[PDB]
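Take a look at the structure set out below.
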Amino acid sequence: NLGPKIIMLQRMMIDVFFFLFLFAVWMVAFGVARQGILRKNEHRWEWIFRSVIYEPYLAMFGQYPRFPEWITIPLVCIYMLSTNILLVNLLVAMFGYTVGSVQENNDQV
Amino acid sequence: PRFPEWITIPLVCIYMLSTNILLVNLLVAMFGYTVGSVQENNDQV
Amino acid sequence: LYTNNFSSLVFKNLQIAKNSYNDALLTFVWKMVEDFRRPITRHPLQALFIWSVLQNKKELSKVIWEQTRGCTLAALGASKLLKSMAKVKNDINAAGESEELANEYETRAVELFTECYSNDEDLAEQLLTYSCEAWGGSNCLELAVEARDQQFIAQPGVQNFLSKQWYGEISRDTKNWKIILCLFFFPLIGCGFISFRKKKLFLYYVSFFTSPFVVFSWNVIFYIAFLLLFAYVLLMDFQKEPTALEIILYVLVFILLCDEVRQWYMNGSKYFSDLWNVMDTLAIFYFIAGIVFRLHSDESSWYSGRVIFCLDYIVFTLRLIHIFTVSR
Amino acid sequence: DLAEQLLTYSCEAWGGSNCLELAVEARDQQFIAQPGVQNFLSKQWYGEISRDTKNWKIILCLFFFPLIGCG
Amino acid sequence: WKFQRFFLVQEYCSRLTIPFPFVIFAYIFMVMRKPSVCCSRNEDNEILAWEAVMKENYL
Amino acid sequence: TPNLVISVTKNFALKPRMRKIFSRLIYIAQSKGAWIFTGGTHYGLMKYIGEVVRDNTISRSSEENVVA
């Protein structure tokens, strides 16, 4: 890609890295919520780390939260909000490289 | 590939890195056509 | 001037503008016009300038604008008033001319303020916040924000004034990490690791903690600590009778409630315009419901309260992510 | 007032067509895009209802019959 | 975007008073706690005089 | 006194340019350091000179001053 696309390529890697960072942050909270709702007996400090950290990734892609029927709708709304934020961040990562630059002197950069 | 429970987190990080590179390449493929051209004389091409 | 030589058409149009596009300045102007139409006013030259402007007399308004005492403020207010006048669709031809005149005056005001700032920086900022009763108790910044003229705010001088207000007594040019390291460690500020902008010593410690930048960063750090506490308590500190730890958590949440009430009281109209503020408030109310369940001390309600707490935790994390996104 | 009366004017010199009818078939964007015709069209769209009334005012009157009478 | 940033920063600057954990104190304190002419004052006159001179140069 | 000016003027109406000329004169007197001489204070041209002096001091202040 070395040529007139290198500025575009360099900004986008950073933006996508930030998006992945936000996604990880969100996954931690999702896992904590799921672990808290489902399991109660388990108080071992060792198992909690396993659960909260790498249960959700297994749930997405792995071999391994609706127990309650009454709070389904608020959960759906929460899902919608998270979708909104993360999709916005991804699209900003996509389209960030255009705003700062100027078309007239793009070649020198 | 999850036989081992102990190296799950580094595997997750590796997945994240591969995702980063491949998504970058796809988006560059999407938006490549715009940089080279000039708006004034686009018709002749 | 106001009873006889004031065009009836412009009066009828002004009426609509007062009725349906009501603004803080546009009610004071209407009151003055009505009082004249019926000692009465100070700042006579402002009254004559408004009379000239409302009839869209460009040259005769520019002439009288020079004799006025507060030039930049008068021009900004005239632009605002013309903006309000232009939003009336009863008459289109007049509205177009009014908008053109508004743009002219806005450009003139920004140019004049640049000229003023070039000579002396200290006096320009004192002038900027200056307020006169000639208008509705409004200063240049307050008038610019309501007028929604992007150029005046976008110019360098006001931006620098705002930036050094944001940093406060903290000296600029100090790299951010320097500030954060001083934030974690109390002693450093005293030694001279962080500079300052200008019995004596104590003011450094006080002013380091009243600057908005420091407070904002500290609040974010403490919010992360709060989320960690929340997670720990929820996962392995939930018992039949709430423990002291949960009580500390509840106290923190109540602090947050008061902070939200301040936003309700200070600016009510625009606070509910956006979804994210609504979500924060609904999250705190959700928490309240969760306590209501927890206190019943029945297992069936206990489990439901626990679930409520988990969902509220997710919502709080979403709030934090929103903060990070916009901050970056 | 007279410009709008002129606008809809029709003459047999052409095929029974007025200025608006001719502009639409001619597909000249500028003539339609200009302010005056836009204002004429907008106040045709609103009708005898006075403009500058905020939309919610109209909707509230729509739900409740009596309000329109009061003012 | 410069205007938008000014607006958001102004809002935040107005909001922030002190570090979050101690905030309540101030609030409590605040609740316990709770005729100037435009141009009569001389120090106010000086600023307007300077502004008028600046305008003459601009003209 | 590096350089001192004297002017003799008795009412007179200022013209659009005369004001520029005399403002420039006073600015130069400020730049070099000078004494100006005027007769009395009968308002007119000399009063305008006084006004220009008063404007200049607040406009600049800093180093040096002018004397009427």
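How things are named: the first chain in the structure tokens is A, the next is B, and so on; residues count from 1 in each chain; ligands count from 1 in the order shown.
Set the cut-off at 6 Å, count only C-alpha atoms, and the residues of chain C near chain A turn out to be residues 235, 307, 310 and 314 of chain C.
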Could the residues in this selection be saved with C-alpha atoms as a compact mmCIF listing (two decimals), in the first residue's frame?
# COMPACT_ATOMS: atom_id res chain seq x y z
CA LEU C 235 -20.18 -10.94 43.31
CA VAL C 307 -30.65 -9.23 39.02
CA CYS C 310 -26.47 -6.59 37.70
CA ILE C 314 -24.10 -2.85 32.89
Each residue of chain D with at least one atom at most 12 Å from chain C should appear once, together with its nearest atom pair and the corresponding distance in Å (one decimal); atoms considered: only C-alpha atoms; ordering: chain, then increasing residue number; output as a tab-separated table.
residue	atom	partner	partner_atom	distance
D:1	CA	C:91	CA	11.2
D:35	CA	C:92	CA	8.9
D:36	CA	C:92	CA	8.3
D:37	CA	C:92	CA	11.5
D:38	CA	C:92	CA	10.9
D:39	CA	C:92	CA	8.0
D:40	CA	C:92	CA	10.5
D:42	CA	C:89	CA	10.3
D:43	CA	C:89	CA	9.6
D:49	CA	C:90	CA	12.0
D:50	CA	C:90	CA	8.6
D:51	CA	C:89	CA	7.0
D:52	CA	C:89	CA	6.6
D:53	CA	C:20	CA	7.1
D:54	CA	C:20	CA	7.8
D:55	CA	C:20	CA	11.6
D:57	CA	C:20	CA	10.8
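With the cut-off set to 12 Å and only C-alpha atoms counted, chain E residues close to chain F are residues 46, 47, 48, 49, 50, 51, 52, 53, 54, 55, 56, 57 and 59 of chain E.
Using only C-alpha atoms, the nearest neighbour of chain A within the list E:23, E:10, E:41, E:1 is E:1.
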Residue F:48 surroundings by only C-alpha atoms, 12 Å radius, close-in-sequence under 3 positions cut, as a PyMOL selection string: chain F and resi 9+11-15+18-23+26+38+41-45+51-55+68
In chain D, DSSP strand (DSSP E or B) residues written as a PyMOL selection string: chain D and resi 10-11+17-18
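By only C-alpha atoms, and with residues fewer than 4 positions from residue E:3 along its chain excluded, the set lying at most 12 Å from it is residues 141, 144, 145, 146, 147, 148, 149, 150, 151, 152, 153, 154, 155, 156, 158, 159 and 162 of chain C; 7, 8, 9 and 10 of chain E.
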Residue neighbourhood residue A:77, 12 Å, only C-alpha atoms, exclusion window fewer than 6 positions, as an MDAnalysis selection string: (chainID A and resid 71 83:84) or (chainID C and resid 279 311 314:315)
Select residues of chain A: the criterion is any atom within 7 Å of an atom of chain B, counting only C-alpha atoms; output as a PDB file with N, CA and C atoms, in the first residue's frame.
ATOM      1  N   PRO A   4      -0.028   6.743  -2.017  1.00  0.00           N
ATOM      2  CA  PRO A   4      -0.954   7.745  -1.457  1.00  0.00           C
ATOM      3  C   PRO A   4      -1.988   7.192  -0.482  1.00  0.00           C
ATOM      4  N   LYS A   5      -1.882   5.928  -0.081  1.00  0.00           N
ATOM      5  CA  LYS A   5      -2.812   5.313   0.858  1.00  0.00           C
ATOM      6  C   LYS A   5      -2.209   5.097   2.245  1.00  0.00           C
ATOM      7  N   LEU A   9      -3.932   4.218   5.887  1.00  0.00           N
ATOM      8  CA  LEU A   9      -3.693   2.940   6.539  1.00  0.00           C
ATOM      9  C   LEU A   9      -3.170   3.123   7.952  1.00  0.00           C
ATOM     10  N   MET A  12      -6.082   4.294  10.510  1.00  0.00           N
ATOM     11  CA  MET A  12      -7.156   3.336  10.738  1.00  0.00           C
ATOM     12  C   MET A  12      -6.749   2.228  11.698  1.00  0.00           C
ATOM     13  N   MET A  13      -5.485   1.799  11.671  1.00  0.00           N
ATOM     14  CA  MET A  13      -5.046   0.797  12.636  1.00  0.00           C
ATOM     15  C   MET A  13      -5.250   1.291  14.060  1.00  0.00           C
ATOM     16  N   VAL A  16      -9.064   1.353  14.908  1.00  0.00           N
ATOM     17  CA  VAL A  16      -9.600   0.017  15.138  1.00  0.00           C
ATOM     18  C   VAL A  16      -9.092  -0.542  16.461  1.00  0.00           C
ATOM     19  N   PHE A  17      -7.847  -0.231  16.827  1.00  0.00           N
ATOM     20  CA  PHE A  17      -7.351  -0.666  18.126  1.00  0.00           C
ATOM     21  C   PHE A  17      -8.176  -0.062  19.254  1.00  0.00           C
TER      22      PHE A  17
END
Residue contacts of residue F:40 (12 Å, only C-alpha atoms) excluding same-chain residues fewer than 6 positions away, as number ranges by chain: F: 7-10, 46-47, 50, 68
If you keep N, CA, C and O atoms, can you produce a file of those selected residues as a PDB file, in the first residue's frame?
ATOM      1  N   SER F   7       2.932  74.718  17.642  1.00  0.00           N
ATOM      2  CA  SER F   7       1.828  74.948  16.727  1.00  0.00           C
ATOM      3  C   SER F   7       1.053  76.179  17.166  1.00  0.00           C
ATOM      4  O   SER F   7       0.858  76.412  18.363  1.00  0.00           O
ATOM      5  N   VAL F   8       0.611  76.957  16.187  1.00  0.00           N
ATOM      6  CA  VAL F   8      -0.203  78.139  16.415  1.00  0.00           C
ATOM      7  C   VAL F   8      -1.494  77.975  15.629  1.00  0.00           C
ATOM      8  O   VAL F   8      -1.465  77.582  14.456  1.00  0.00           O
ATOM      9  N   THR F   9      -2.620  78.260  16.273  1.00  0.00           N
ATOM     10  CA  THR F   9      -3.918  78.164  15.613  1.00  0.00           C
ATOM     11  C   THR F   9      -4.380  79.536  15.137  1.00  0.00           C
ATOM     12  O   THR F   9      -4.847  80.354  15.928  1.00  0.00           O
ATOM     13  N   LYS F  10     -11.244  82.004  17.459  1.00  0.00           N
ATOM     14  CA  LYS F  10     -10.308  81.218  16.665  1.00  0.00           C
ATOM     15  C   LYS F  10     -10.849  79.813  16.417  1.00  0.00           C
ATOM     16  O   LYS F  10     -10.085  78.869  16.220  1.00  0.00           O
ATOM     17  N   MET F  46      -7.016  72.897  19.128  1.00  0.00           N
ATOM     18  CA  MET F  46      -6.190  72.568  20.289  1.00  0.00           C
ATOM     19  C   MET F  46      -6.891  71.570  21.207  1.00  0.00           C
ATOM     20  O   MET F  46      -6.250  70.673  21.771  1.00  0.00           O
ATOM     21  N   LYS F  47      -8.205  71.717  21.380  1.00  0.00           N
ATOM     22  CA  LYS F  47      -8.952  70.738  22.163  1.00  0.00           C
ATOM     23  C   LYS F  47      -8.857  69.356  21.530  1.00  0.00           C
ATOM     24  O   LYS F  47      -8.747  68.344  22.234  1.00  0.00           O
ATOM     25  N   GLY F  50      -5.585  67.882  22.483  1.00  0.00           N
ATOM     26  CA  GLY F  50      -5.646  67.344  23.831  1.00  0.00           C
ATOM     27  C   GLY F  50      -6.344  65.998  23.877  1.00  0.00           C
ATOM     28  O   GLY F  50      -5.897  65.070  24.561  1.00  0.00           O
ATOM     29  N   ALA F  68       1.820  68.303  26.620  1.00  0.00           N
ATOM     30  CA  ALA F  68       1.237  69.353  25.798  1.00  0.00           C
ATOM     31  C   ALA F  68       1.881  70.682  26.155  1.00  0.00           C
ATOM     32  O   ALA F  68       2.172  71.481  25.278  1.00  0.00           O
TER      33      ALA F  68
END
Using only C-alpha atoms, what does the table of chain E residues within 6 Å of chain C look like, with each row giving the shortest atom pair and its distance in Å to one decimal, sorted by chain and ascending number, as a tab-separated table?
residue	atom	partner	partner_atom	distance
E:2	CA	C:154	CA	5.2
E:3	CA	C:150	CA	5.5
E:13	CA	C:212	CA	6.0
E:16	CA	C:212	CA	5.9
E:18	CA	C:210	CA	5.8
E:19	CA	C:215	CA	5.3
E:20	CA	C:219	CA	5.8
E:38	CA	C:132	CA	4.7
